[PDB]
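Structure record follows, encoded as structure tokens.
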Amino acid sequence: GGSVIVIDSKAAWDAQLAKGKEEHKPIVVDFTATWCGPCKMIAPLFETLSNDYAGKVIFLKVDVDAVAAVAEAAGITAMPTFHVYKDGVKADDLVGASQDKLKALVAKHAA
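What the sequence shown shows, in my numbering, is residues 646 to 756, in sequence order.
This is how it looks when you write it as structure tokens:
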């Protein structure tokens with residue numbers, strides 16, 4: 646929901662990373678699974694932040710069930726995992742469902 650873009654393929658993943666690089670806007674990615682309890686707890690906040698920071702930060706969702714190859718390439722082991730991408734490459738990450746830490750991560754990289 647919100648302004649989150651659901652990634653459905655490797656091709657779409659690459660295209661969004663390239664757009665963030667061209668637009669000079671950071672990307673925050675939620676790597677998630679519907680069997681993961683904490684993922685469902687923090688997803689509403691991820692979507693709220695995607696609305697609050699729309700225009701400043703790009704928000705993507707990667708369901709590891711839908712795009713296993715992108716999750717594997719990203720080195721995910723625990724969920725939820727949030728990654729920040731700038732200029733095509735990983736710049737920061739945050740693991741777990743802490744609401745304060747997610748708010749801080751977005752504020753840091755939107756600045």
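Backbone N, C-alpha and C define an ideal beta-carbon position, used for all residues, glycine too.
For residue i versus residue j, is the C-beta spacing smaller than 9 Å?
| i | j | result |
| --- | --- | --- |
| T677 | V707 | yes |
| residue 617 | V673 | Lying outside 646 to 756, the shown extent of the chain, residue 617 is not represented and no answer is given. |
| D659 | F727 | no |
| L690 | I650 | no |
Express the C-alpha separation of residue j and residue i in angstroms, rounding to a whole number.
| i | j | result |
| --- | --- | --- |
| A742 | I721 | 15 Å |
| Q661 | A756 | 20 Å |
| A711 | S648 | 19 Å |
| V740 | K731 | 18 Å |
| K655 | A736 | 20 Å |
| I687 | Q744 | 7 Å |
Considering residue i, what are the terminal residues of the alpha helix (DSSP H) in which it resides?
| i | result |
| --- | --- |
| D659 | 655–668 |
| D745 | 744–755 |
| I687 | 682–697 |
Looking at C-alpha atoms only, which residue of the options is the closest neighbour of residue i?
| i | options | result |
| --- | --- | --- |
| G646 | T693, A752, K701 | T693 |
| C684 | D737, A657, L747 | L747 |
| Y698 | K666, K670, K655 | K670 |
| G665 | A719, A657, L750, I703 | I703 |
Please classify residue i: is it buried, with 16 or more other beta-carbons within 10 angstroms of its beta-carbon, or exposed?
| i | result |
| --- | --- |
| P725 | buried |
| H754 | buried |
| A752 | exposed |
Along the beta strand (DSSP E) that carries residue i, what are the first and last residues, could you check?
| i | result |
| --- | --- |
| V729 | 726–731 |
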